[PDB]
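Undergrad: Contents of protein-v8.csv (CSV, N, CA and C atoms and all ligand atoms) are given next:
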```csv
chain,number,residue,atom,x,y,z
A,695,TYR,N,251.1,12.5,-103.1
A,695,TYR,CA,251.0,11.6,-104.3
A,695,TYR,C,251.2,12.4,-105.5
A,696,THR,N,251.4,11.7,-106.6
A,696,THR,CA,251.4,12.4,-108.0
A,696,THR,C,249.9,12.3,-108.4
A,697,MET,N,249.4,13.5,-108.7
A,697,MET,CA,248.0,13.7,-109.0
A,697,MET,C,247.6,12.9,-110.3
A,698,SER,N,246.3,12.4,-110.3
A,698,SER,CA,245.8,11.8,-111.4
A,698,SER,C,244.9,12.8,-112.2
A,699,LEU,N,245.0,12.8,-113.5
A,699,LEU,CA,244.3,13.8,-114.3
A,699,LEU,C,242.8,13.5,-114.3
A,700,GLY,N,242.5,12.3,-114.8
A,700,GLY,CA,241.1,11.7,-114.7
A,700,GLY,C,241.2,10.2,-114.9
A,701,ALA,N,240.0,9.6,-114.7
A,701,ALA,CA,239.9,8.2,-115.0
A,701,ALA,C,240.1,8.0,-116.5
A,702,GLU,N,240.8,6.9,-116.8
A,702,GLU,CA,241.0,6.6,-118.2
A,702,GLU,C,239.7,6.0,-118.9
A,703,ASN,N,239.4,6.5,-120.1
A,703,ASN,CA,238.2,6.1,-120.8
A,703,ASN,C,238.6,5.9,-122.2
A,704,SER,N,238.9,4.6,-122.6
A,704,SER,CA,239.2,4.3,-124.0
A,704,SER,C,237.9,4.2,-124.8
A,705,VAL,N,237.7,5.2,-125.7
A,705,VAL,CA,236.5,5.1,-126.5
A,705,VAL,C,236.6,4.0,-127.6
A,706,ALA,N,235.6,3.2,-127.7
A,706,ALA,CA,235.6,2.1,-128.6
A,706,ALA,C,235.4,2.6,-130.0
A,707,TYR,N,236.4,3.2,-130.6
A,707,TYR,CA,236.3,3.7,-132.0
A,707,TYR,C,236.5,2.5,-133.0
A,708,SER,N,235.6,2.6,-134.0
A,708,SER,CA,235.8,1.7,-135.2
A,708,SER,C,235.1,2.5,-136.4
A,709,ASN,N,235.4,2.0,-137.6
A,709,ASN,CA,235.0,2.8,-138.8
A,709,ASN,C,233.6,2.6,-139.1
A,710,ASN,N,232.8,1.8,-138.5
A,710,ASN,CA,231.4,1.6,-138.9
A,710,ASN,C,230.5,1.5,-137.7
A,711,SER,N,230.8,1.9,-136.5
A,711,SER,CA,230.0,1.8,-135.3
A,711,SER,C,229.8,3.2,-134.8
A,712,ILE,N,228.5,3.5,-134.3
A,712,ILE,CA,228.2,4.7,-133.7
A,712,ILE,C,227.5,4.4,-132.4
A,713,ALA,N,227.5,5.4,-131.5
A,713,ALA,CA,226.8,5.3,-130.2
A,713,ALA,C,225.7,6.4,-130.2
A,714,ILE,N,224.5,6.0,-130.1
A,714,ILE,CA,223.3,6.8,-130.1
A,714,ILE,C,222.7,6.9,-128.7
A,715,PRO,N,222.4,8.0,-128.2
A,715,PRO,CA,221.7,8.1,-126.9
A,715,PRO,C,220.3,7.6,-126.9
A,716,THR,N,219.8,6.9,-125.9
A,716,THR,CA,218.5,6.5,-125.9
A,716,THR,C,217.7,7.2,-124.8
A,717,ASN,N,218.4,8.1,-124.0
A,717,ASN,CA,217.8,8.7,-122.9
A,717,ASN,C,218.5,10.0,-122.6
A,718,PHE,N,218.0,10.8,-121.7
A,718,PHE,CA,218.6,12.1,-121.4
A,718,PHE,C,218.4,12.5,-119.9
A,719,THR,N,219.2,13.4,-119.5
A,719,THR,CA,219.2,13.9,-118.1
A,719,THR,C,219.1,15.4,-118.2
A,720,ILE,N,218.1,16.0,-117.6
A,720,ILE,CA,218.0,17.5,-117.5
A,720,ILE,C,218.8,17.9,-116.3
A,721,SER,N,220.0,18.5,-116.6
A,721,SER,CA,221.0,18.8,-115.5
A,721,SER,C,221.0,20.3,-115.3
A,722,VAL,N,220.9,20.7,-114.1
A,722,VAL,CA,221.0,22.1,-113.7
A,722,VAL,C,222.3,22.3,-112.9
A,723,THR,N,223.1,23.3,-113.4
A,723,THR,CA,224.4,23.5,-112.8
A,723,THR,C,224.4,25.0,-112.3
A,724,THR,N,225.3,25.3,-111.4
A,724,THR,CA,225.4,26.6,-110.8
A,724,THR,C,226.7,27.3,-111.4
A,725,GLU,N,226.6,28.6,-111.7
A,725,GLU,CA,227.7,29.4,-112.1
A,725,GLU,C,227.7,30.7,-111.3
A,726,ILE,N,228.7,31.0,-110.4
A,726,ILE,CA,228.7,32.1,-109.6
A,726,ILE,C,229.7,33.1,-110.2
A,727,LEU,N,229.2,34.4,-110.4
A,727,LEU,CA,230.0,35.4,-111.0
A,727,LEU,C,229.9,36.7,-110.1
A,728,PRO,N,231.0,37.2,-109.6
A,728,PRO,CA,231.0,38.5,-108.9
A,728,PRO,C,230.7,39.6,-109.9
A,729,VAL,N,229.9,40.6,-109.4
A,729,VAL,CA,229.5,41.7,-110.2
A,729,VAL,C,230.1,43.0,-109.7
A,730,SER,N,230.0,43.3,-108.4
A,730,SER,CA,230.4,44.6,-107.9
A,730,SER,C,231.3,44.3,-106.6
A,731,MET,N,231.9,45.4,-106.2
A,731,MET,CA,232.7,45.4,-104.9
A,731,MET,C,232.0,46.4,-104.0
A,732,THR,N,232.5,46.4,-102.7
A,732,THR,CA,232.1,47.4,-101.8
A,732,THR,C,232.6,48.8,-102.2
A,733,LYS,N,231.7,49.8,-102.3
A,733,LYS,CA,232.2,51.1,-102.7
A,733,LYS,C,232.8,51.8,-101.5
A,734,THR,N,234.1,51.9,-101.6
A,734,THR,CA,234.9,52.5,-100.5
A,734,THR,C,235.4,53.9,-100.9
A,735,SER,N,235.3,54.9,-100.0
A,735,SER,CA,235.9,56.2,-100.3
A,735,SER,C,236.8,56.6,-99.1
A,736,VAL,N,237.9,57.1,-99.4
A,736,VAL,CA,238.9,57.5,-98.4
A,736,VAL,C,239.2,59.0,-98.6
A,737,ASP,N,239.0,59.7,-97.5
A,737,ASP,CA,239.3,61.1,-97.4
A,737,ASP,C,240.8,61.2,-97.2
A,738,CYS,N,241.5,61.6,-98.3
A,738,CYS,CA,243.0,61.6,-98.3
A,738,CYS,C,243.6,62.5,-97.2
A,739,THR,N,243.1,63.7,-97.1
A,739,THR,CA,243.5,64.7,-96.1
A,739,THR,C,243.2,64.2,-94.7
A,740,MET,N,242.1,63.6,-94.5
A,740,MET,CA,241.7,63.1,-93.2
A,740,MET,C,242.5,61.8,-92.8
A,741,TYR,N,242.7,61.0,-93.8
A,741,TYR,CA,243.5,59.8,-93.6
A,741,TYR,C,245.0,60.1,-93.2
A,742,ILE,N,245.6,61.0,-94.0
A,742,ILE,CA,247.0,61.3,-93.8
A,742,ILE,C,247.2,62.1,-92.5
A,743,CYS,N,246.3,63.1,-92.4
A,743,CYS,CA,246.6,64.2,-91.4
A,743,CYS,C,245.6,64.3,-90.2
A,744,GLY,N,244.4,63.7,-90.3
A,744,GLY,CA,243.4,63.9,-89.3
A,744,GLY,C,243.0,65.3,-89.2
B,546,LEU,N,246.3,60.8,-73.2
B,546,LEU,CA,245.8,60.3,-74.5
B,546,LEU,C,244.8,61.4,-75.0
B,547,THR,N,245.2,62.0,-76.1
B,547,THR,CA,244.4,63.1,-76.7
B,547,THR,C,243.7,62.7,-77.9
B,548,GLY,N,242.7,63.4,-78.3
B,548,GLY,CA,241.9,63.1,-79.5
B,548,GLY,C,240.7,64.0,-79.6
B,549,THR,N,239.8,63.7,-80.5
B,549,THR,CA,238.6,64.4,-80.7
B,549,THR,C,237.5,63.4,-81.0
B,550,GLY,N,236.5,63.3,-80.1
B,550,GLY,CA,235.4,62.4,-80.3
B,550,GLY,C,234.3,62.6,-79.4
B,551,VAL,N,233.1,62.0,-79.7
B,551,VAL,CA,231.9,62.1,-78.9
B,551,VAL,C,232.0,61.0,-77.8
B,552,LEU,N,231.9,61.4,-76.5
B,552,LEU,CA,232.0,60.5,-75.4
B,552,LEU,C,230.6,60.1,-74.9
B,553,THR,N,230.3,58.9,-75.1
B,553,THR,CA,228.9,58.4,-74.7
B,553,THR,C,229.1,57.3,-73.6
B,554,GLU,N,228.0,56.9,-73.0
B,554,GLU,CA,228.0,55.9,-72.0
B,554,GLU,C,228.2,54.5,-72.7
B,555,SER,N,228.9,53.6,-72.0
B,555,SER,CA,229.3,52.4,-72.6
B,555,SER,C,228.7,51.2,-71.9
B,556,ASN,N,228.4,50.1,-72.7
B,556,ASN,CA,227.9,48.9,-72.1
B,556,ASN,C,229.0,47.8,-71.9
B,557,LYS,N,230.3,48.2,-72.3
B,557,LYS,CA,231.4,47.3,-72.1
B,557,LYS,C,231.8,47.2,-70.7
B,558,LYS,N,231.8,46.0,-70.1
B,558,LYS,CA,232.2,45.9,-68.7
B,558,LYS,C,233.7,45.6,-68.7
B,559,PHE,N,234.5,46.6,-68.3
B,559,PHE,CA,236.0,46.5,-68.3
B,559,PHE,C,236.4,45.7,-67.1
B,560,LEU,N,237.6,45.1,-67.3
B,560,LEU,CA,238.3,44.5,-66.1
B,560,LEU,C,238.9,45.7,-65.3
B,561,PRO,N,239.1,45.5,-64.0
B,561,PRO,CA,239.5,46.6,-63.1
B,561,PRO,C,240.9,47.2,-63.5
B,562,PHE,N,241.8,46.4,-64.1
B,562,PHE,CA,243.1,46.9,-64.5
B,562,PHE,C,243.1,47.6,-65.9
B,563,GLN,N,242.1,47.4,-66.8
B,563,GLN,CA,242.2,47.9,-68.1
B,563,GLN,C,241.6,49.3,-68.1
B,564,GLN,N,242.3,50.2,-68.9
B,564,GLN,CA,241.9,51.6,-69.0
B,564,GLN,C,241.4,52.0,-70.4
B,565,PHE,N,242.0,51.4,-71.4
B,565,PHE,CA,241.7,51.9,-72.8
B,565,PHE,C,241.0,50.8,-73.5
B,566,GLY,N,240.4,51.1,-74.7
B,566,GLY,CA,239.7,50.1,-75.5
B,566,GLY,C,240.0,50.2,-77.0
B,567,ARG,N,240.3,49.1,-77.7
B,567,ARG,CA,240.6,49.1,-79.1
B,567,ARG,C,239.7,48.2,-79.9
B,568,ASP,N,239.5,48.5,-81.1
B,568,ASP,CA,238.7,47.8,-82.1
B,568,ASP,C,239.6,46.8,-82.8
B,569,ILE,N,239.2,46.3,-84.0
B,569,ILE,CA,240.0,45.4,-84.8
B,569,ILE,C,241.2,46.2,-85.3
B,570,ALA,N,241.0,47.4,-85.8
B,570,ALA,CA,242.0,48.2,-86.5
B,570,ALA,C,242.9,49.0,-85.5
B,571,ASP,N,243.0,48.6,-84.3
B,571,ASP,CA,243.9,49.2,-83.3
B,571,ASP,C,243.6,50.7,-83.1
B,572,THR,N,242.4,51.1,-83.1
B,572,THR,CA,242.0,52.5,-82.8
B,572,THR,C,241.2,52.6,-81.5
B,573,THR,N,241.5,53.5,-80.6
B,573,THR,CA,240.9,53.6,-79.3
B,573,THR,C,239.5,54.1,-79.4
B,574,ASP,N,238.6,53.2,-79.1
B,574,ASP,CA,237.1,53.4,-79.2
B,574,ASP,C,236.5,53.4,-77.8
B,575,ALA,N,237.2,53.0,-76.8
B,575,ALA,CA,236.7,53.0,-75.4
B,575,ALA,C,237.7,53.5,-74.4
B,576,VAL,N,237.3,54.1,-73.3
B,576,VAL,CA,238.2,54.7,-72.4
B,576,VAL,C,237.5,54.6,-71.0
B,577,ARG,N,238.3,54.6,-69.9
B,577,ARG,CA,237.8,54.6,-68.6
B,577,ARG,C,238.1,56.0,-68.0
B,578,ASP,N,237.1,56.6,-67.4
B,578,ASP,CA,237.3,57.9,-66.8
B,578,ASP,C,238.1,57.8,-65.5
B,579,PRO,N,239.2,58.6,-65.3
B,579,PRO,CA,240.0,58.5,-64.1
B,579,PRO,C,239.3,59.0,-62.9
B,580,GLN,N,238.5,60.1,-63.0
B,580,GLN,CA,237.9,60.7,-61.8
B,580,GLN,C,236.8,59.7,-61.2
B,581,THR,N,235.8,59.3,-62.1
B,581,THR,CA,234.8,58.4,-61.7
B,581,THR,C,235.0,57.1,-62.5
B,582,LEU,N,234.9,56.0,-61.8
B,582,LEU,CA,235.3,54.7,-62.4
B,582,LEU,C,234.1,54.2,-63.3
B,583,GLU,N,234.1,54.8,-64.5
B,583,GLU,CA,233.0,54.5,-65.5
B,583,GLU,C,233.7,54.4,-66.8
B,584,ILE,N,232.9,53.7,-67.8
B,584,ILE,CA,233.4,53.4,-69.1
B,584,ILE,C,232.7,54.3,-70.1
B,585,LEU,N,233.4,54.8,-71.0
B,585,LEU,CA,232.9,55.7,-72.1
B,585,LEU,C,233.3,55.2,-73.5
B,586,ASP,N,232.4,55.2,-74.4
B,586,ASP,CA,232.7,54.9,-75.8
B,586,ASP,C,233.0,56.2,-76.5
B,587,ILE,N,234.0,56.1,-77.4
B,587,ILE,CA,234.4,57.3,-78.2
B,587,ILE,C,233.9,57.0,-79.6
B,588,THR,N,232.8,57.7,-79.9
B,588,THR,CA,232.5,57.5,-81.3
B,588,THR,C,233.2,58.7,-82.1
B,589,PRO,N,233.7,58.4,-83.3
B,589,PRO,CA,234.5,59.5,-83.9
B,589,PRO,C,233.5,60.6,-84.4
B,590,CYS,N,234.0,61.8,-84.5
B,590,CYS,CA,233.1,63.0,-84.8
B,590,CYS,C,232.6,62.8,-86.2
B,591,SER,N,231.4,63.2,-86.4
B,591,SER,CA,230.7,63.0,-87.7
B,591,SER,C,231.4,63.6,-88.9
B,592,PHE,N,231.6,62.7,-89.9
B,592,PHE,CA,232.3,63.1,-91.1
B,592,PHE,C,231.7,62.4,-92.3
B,593,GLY,N,231.8,62.9,-93.4
B,593,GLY,CA,231.3,62.3,-94.6
B,593,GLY,C,231.6,63.2,-95.8
B,594,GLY,N,231.4,62.6,-97.0
B,594,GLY,CA,231.5,63.4,-98.2
B,594,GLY,C,230.4,64.4,-98.4
B,595,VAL,N,230.6,65.5,-99.0
B,595,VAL,CA,229.6,66.5,-99.4
B,595,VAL,C,229.5,66.5,-100.9
C,801,LIG,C1,230.1,-0.9,-128.0
C,801,LIG,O1,231.0,-2.0,-128.3
C,801,LIG,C2,232.3,-1.9,-127.8
C,801,LIG,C3,233.1,-3.1,-128.3
C,801,LIG,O2,232.3,-4.3,-128.3
C,801,LIG,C4,232.3,-1.8,-126.3
C,801,LIG,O3,233.6,-1.6,-125.8
C,801,LIG,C5,234.0,-2.5,-124.8
C,801,LIG,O4,233.1,-2.5,-123.6
C,801,LIG,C6,233.5,-3.4,-122.6
C,801,LIG,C7,232.5,-3.3,-121.5
C,801,LIG,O5,233.1,-2.9,-120.3
C,801,LIG,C8,234.9,-3.2,-122.1
C,801,LIG,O6,235.3,-4.1,-121.2
C,801,LIG,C9,235.9,-3.2,-123.3
C,801,LIG,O7,237.2,-2.9,-122.9
C,801,LIG,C10,235.4,-2.2,-124.4
C,801,LIG,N1,236.3,-2.2,-125.6
C,801,LIG,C11,236.8,-1.1,-126.1
C,801,LIG,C12,237.7,-1.3,-127.3
C,801,LIG,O8,236.5,0.0,-125.7
C,801,LIG,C13,231.4,-0.7,-125.8
C,801,LIG,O9,231.3,-0.7,-124.4
C,801,LIG,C14,230.0,-0.8,-126.4
C,801,LIG,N2,229.1,0.3,-126.0
C,801,LIG,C15,227.9,0.2,-125.7
C,801,LIG,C16,227.1,1.4,-125.3
C,801,LIG,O10,227.3,-0.9,-125.7
C,802,LIG,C1,215.1,7.3,-119.0
C,802,LIG,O1,215.7,7.6,-117.7
C,802,LIG,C2,214.7,8.0,-116.8
C,802,LIG,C3,215.4,8.5,-115.5
C,802,LIG,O2,215.6,9.9,-115.5
C,802,LIG,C4,213.8,6.8,-116.6
C,802,LIG,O3,212.7,7.2,-115.6
C,802,LIG,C5,212.7,6.3,-114.6
C,802,LIG,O4,211.9,5.1,-114.9
C,802,LIG,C6,211.8,4.1,-113.9
C,802,LIG,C7,211.1,2.9,-114.4
C,802,LIG,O5,209.9,3.3,-115.2
C,802,LIG,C8,211.2,4.7,-112.6
C,802,LIG,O6,211.2,3.8,-111.6
C,802,LIG,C9,212.0,6.0,-112.2
C,802,LIG,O7,211.4,6.6,-111.1
C,802,LIG,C10,212.0,7.0,-113.4
C,802,LIG,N1,212.8,8.1,-113.0
C,802,LIG,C11,212.3,9.4,-113.1
C,802,LIG,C12,213.2,10.5,-112.7
C,802,LIG,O8,211.2,9.6,-113.5
C,802,LIG,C13,213.1,6.5,-117.9
C,802,LIG,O9,212.2,5.4,-117.7
C,802,LIG,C14,214.2,6.1,-118.9
C,802,LIG,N2,213.7,5.7,-120.2
C,802,LIG,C15,214.2,4.8,-120.9
C,802,LIG,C16,213.5,4.5,-122.2
C,802,LIG,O10,215.2,4.1,-120.6
```
So that I can check it, write out the structure of this file as structure tokens.
TA:
Amino acid sequence: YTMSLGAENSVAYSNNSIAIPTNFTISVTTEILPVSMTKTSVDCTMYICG
Amino acid sequence: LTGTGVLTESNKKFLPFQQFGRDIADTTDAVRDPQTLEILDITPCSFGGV
């Protein structure tokens, strides 16, 4: 299929109307970030020649 | 098949036709002794950085 970007949401804009929140949600989200790699050492003489 | 390694007793039960043993990286880590029908693990000789 041809992918859809997102659901369409036409915001009801007018020159004298505002939307004010009456409530709130305390939302906890996860962010995973790599920090380090495996520290690998290669003996060049032993690798090439044994 | 020549090489240099420590030959220890093995817990791998070989099939009667198989003689050699390889790990993931295609290196021979197990062998069957031709004189006595027993299985030996080859651990590589101790090495490390100084
Ligand atoms: C604020 O008012 C606007 C206009 O009356 C609302 O917008 C309409 O909402 C209905 C409800 O589903 C939709 O069917 C219409 O298509 C919307 N019109 C437009 C131009 O967007 C809006 O929902 C109201 N907001 C609140 C929080 O009550
Ligand atoms: C704001 O939203 C919260 C939801 O997070 C509402 O809390 C709920 O209230 C109902 C009715 O009192 C309870 O049955 C739910 O168990 C409540 N949820 C939680 C998570 O406590 C709160 O009442 C809303 N406030 C307003 C003014 O709309």
Undergrad: Could you write out, as a ChimeraX atom specification, all the residues of chain B that DSSP marks as strand (DSSP E or B)?
TA: /B:550-554,565-567,573-577,584-589
Undergrad: From the list A:706, A:720, A:729, A:743, which residue is nearest ligand LIG 801 (chain C) when using all atoms listed in the file?
TA: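 With all atoms listed in the file as the atom set, the closest residue is A:706.
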Undergrad: Rounded to one decimal place, report the atom C of residue A:735-atom C of residue B:555 distance in Å.
TA: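 Separation between atom C of residue A:735 and atom C of residue B:555: 28.9 Å.
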Undergrad: Do me a favour and pick out the residues of chain B within 12 Å of chain A, using only C-alpha atoms, as number ranges by chain.
TA: B: 548-549, 589-590, 592-595
Undergrad: Which residues form the shell of 6 Å around ligand LIG 801 (chain C) when you count only N, CA and C atoms and all ligand atoms, given as a ChimeraX atom specification?
TA: /A:704-707
Undergrad: What separation in Å, quoted to one decimal, exists between atom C16 of ligand LIG 802 (chain C) and atom C of residue A:703?
TA: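 Atom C16 of ligand LIG 802 (chain C) sits 25.1 Å away from atom C of residue A:703.
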Undergrad: Give me the residues within 6.5 Å of residue B:564 as a PyMOL selection string, counting only N, CA and C atoms and dropping any in the same chain fewer than 3 places off.
TA: chain B and resi 561+575-577
Undergrad: So what do you get for atom CA of residue B:560 versus atom CA of residue B:572, distance-wise?
TA: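 Atom CA of residue B:572 lies at a distance of 18.9 Å from atom CA of residue B:560.
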Undergrad: Could you list, as a PyMOL selection string, all the residues within 7 Å of ligand LIG 802 (chain C), counting only N, CA and C atoms and all ligand atoms?
TA: chain A and resi 716-720
Undergrad: For the structure I just gave you, how does DSSP split chain A - specifically, which residues are helix (DSSP H, G or I)? Reply as a PyMOL selection string.
TA: chain A and resi 738-743
Undergrad: For the point (231.2, 58.9, -81.9) in file coordinates, what residues are within 8 Å, counting all atoms listed in the file? Give the answer as number ranges by chain?
TA: B: 549-553, 586-591
Undergrad: Those selected residues, please, written with N, CA and C atoms and delivered as a compact mmCIF listing (two decimals), in the coordinates of the input.
TA:
```txt
# COMPACT_ATOMS: atom_id res chain seq x y z
N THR B 549 239.80 63.70 -80.50
CA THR B 549 238.60 64.40 -80.70
C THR B 549 237.50 63.40 -81.00
N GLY B 550 236.50 63.30 -80.10
CA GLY B 550 235.40 62.40 -80.30
C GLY B 550 234.30 62.60 -79.40
N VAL B 551 233.10 62.00 -79.70
CA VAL B 551 231.90 62.10 -78.90
C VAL B 551 232.00 61.00 -77.80
N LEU B 552 231.90 61.40 -76.50
CA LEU B 552 232.00 60.50 -75.40
C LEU B 552 230.60 60.10 -74.90
N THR B 553 230.30 58.90 -75.10
CA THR B 553 228.90 58.40 -74.70
C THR B 553 229.10 57.30 -73.60
N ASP B 586 232.40 55.20 -74.40
CA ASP B 586 232.70 54.90 -75.80
C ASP B 586 233.00 56.20 -76.50
N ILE B 587 234.00 56.10 -77.40
CA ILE B 587 234.40 57.30 -78.20
C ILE B 587 233.90 57.00 -79.60
N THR B 588 232.80 57.70 -79.90
CA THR B 588 232.50 57.50 -81.30
C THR B 588 233.20 58.70 -82.10
N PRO B 589 233.70 58.40 -83.30
CA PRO B 589 234.50 59.50 -83.90
C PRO B 589 233.50 60.60 -84.40
N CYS B 590 234.00 61.80 -84.50
CA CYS B 590 233.10 63.00 -84.80
C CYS B 590 232.60 62.80 -86.20
N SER B 591 231.40 63.20 -86.40
CA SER B 591 230.70 63.00 -87.70
C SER B 591 231.40 63.60 -88.90
```
Undergrad: Would you fill the gaps in stretch 561-582 of chain B so it has N, CA, C and O atoms, then print it as a compact mmCIF listing (two decimals), in the frame of the given file?
TA:
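File part_2.txt, as written:
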```
# COMPACT_ATOMS: atom_id res chain seq x y z
N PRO B 561 239.10 45.50 -64.00
CA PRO B 561 239.50 46.60 -63.10
C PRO B 561 240.90 47.20 -63.50
O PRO B 561 241.18 48.36 -63.20
N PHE B 562 241.80 46.40 -64.10
CA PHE B 562 243.10 46.90 -64.50
C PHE B 562 243.10 47.60 -65.90
O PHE B 562 243.98 48.46 -66.12
N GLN B 563 242.10 47.40 -66.80
CA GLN B 563 242.20 47.90 -68.10
C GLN B 563 241.60 49.30 -68.10
O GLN B 563 240.62 49.64 -67.45
N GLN B 564 242.30 50.20 -68.90
CA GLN B 564 241.90 51.60 -69.00
C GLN B 564 241.40 52.00 -70.40
O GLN B 564 240.52 52.82 -70.50
N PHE B 565 242.00 51.40 -71.40
CA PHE B 565 241.70 51.90 -72.80
C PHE B 565 241.00 50.80 -73.50
O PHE B 565 240.84 49.63 -73.03
N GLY B 566 240.40 51.10 -74.70
CA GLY B 566 239.70 50.10 -75.50
C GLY B 566 240.00 50.20 -77.00
O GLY B 566 240.03 51.33 -77.52
N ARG B 567 240.30 49.10 -77.70
CA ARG B 567 240.60 49.10 -79.10
C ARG B 567 239.70 48.20 -79.90
O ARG B 567 239.19 47.21 -79.34
N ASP B 568 239.50 48.50 -81.10
CA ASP B 568 238.70 47.80 -82.10
C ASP B 568 239.60 46.80 -82.80
O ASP B 568 240.76 46.53 -82.37
N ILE B 569 239.20 46.30 -84.00
CA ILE B 569 240.00 45.40 -84.80
C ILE B 569 241.20 46.20 -85.30
O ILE B 569 242.36 45.70 -85.33
N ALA B 570 241.00 47.40 -85.80
CA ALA B 570 242.00 48.20 -86.50
C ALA B 570 242.90 49.00 -85.50
O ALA B 570 243.43 50.03 -86.01
N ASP B 571 243.00 48.60 -84.30
CA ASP B 571 243.90 49.20 -83.30
C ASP B 571 243.60 50.70 -83.10
O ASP B 571 244.58 51.51 -82.85
N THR B 572 242.40 51.10 -83.10
CA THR B 572 242.00 52.50 -82.80
C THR B 572 241.20 52.60 -81.50
O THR B 572 240.35 51.71 -81.25
N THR B 573 241.50 53.50 -80.60
CA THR B 573 240.90 53.60 -79.30
C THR B 573 239.50 54.10 -79.40
O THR B 573 239.22 55.24 -79.70
N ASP B 574 238.60 53.20 -79.10
CA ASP B 574 237.10 53.40 -79.20
C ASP B 574 236.50 53.40 -77.80
O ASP B 574 235.28 53.63 -77.71
N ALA B 575 237.20 53.00 -76.80
CA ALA B 575 236.70 53.00 -75.40
C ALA B 575 237.70 53.50 -74.40
O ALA B 575 238.93 53.37 -74.69
N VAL B 576 237.30 54.10 -73.30
CA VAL B 576 238.20 54.70 -72.40
C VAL B 576 237.50 54.60 -71.00
O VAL B 576 236.26 54.38 -70.90
N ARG B 577 238.30 54.60 -69.90
CA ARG B 577 237.80 54.60 -68.60
C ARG B 577 238.10 56.00 -68.00
O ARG B 577 239.22 56.47 -68.09
N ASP B 578 237.10 56.60 -67.40
CA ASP B 578 237.30 57.90 -66.80
C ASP B 578 238.10 57.80 -65.50
O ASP B 578 237.81 56.94 -64.67
N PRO B 579 239.20 58.60 -65.30
CA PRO B 579 240.00 58.50 -64.10
C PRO B 579 239.30 59.00 -62.90
O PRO B 579 239.55 58.49 -61.77
N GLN B 580 238.50 60.10 -63.00
CA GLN B 580 237.90 60.70 -61.80
C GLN B 580 236.80 59.70 -61.20
O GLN B 580 236.81 59.37 -60.06
N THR B 581 235.80 59.30 -62.10
CA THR B 581 234.80 58.40 -61.70
C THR B 581 235.00 57.10 -62.50
O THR B 581 235.12 57.16 -63.71
N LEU B 582 234.90 56.00 -61.80
CA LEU B 582 235.30 54.70 -62.40
C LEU B 582 234.10 54.20 -63.30
O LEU B 582 233.30 53.41 -62.94
```
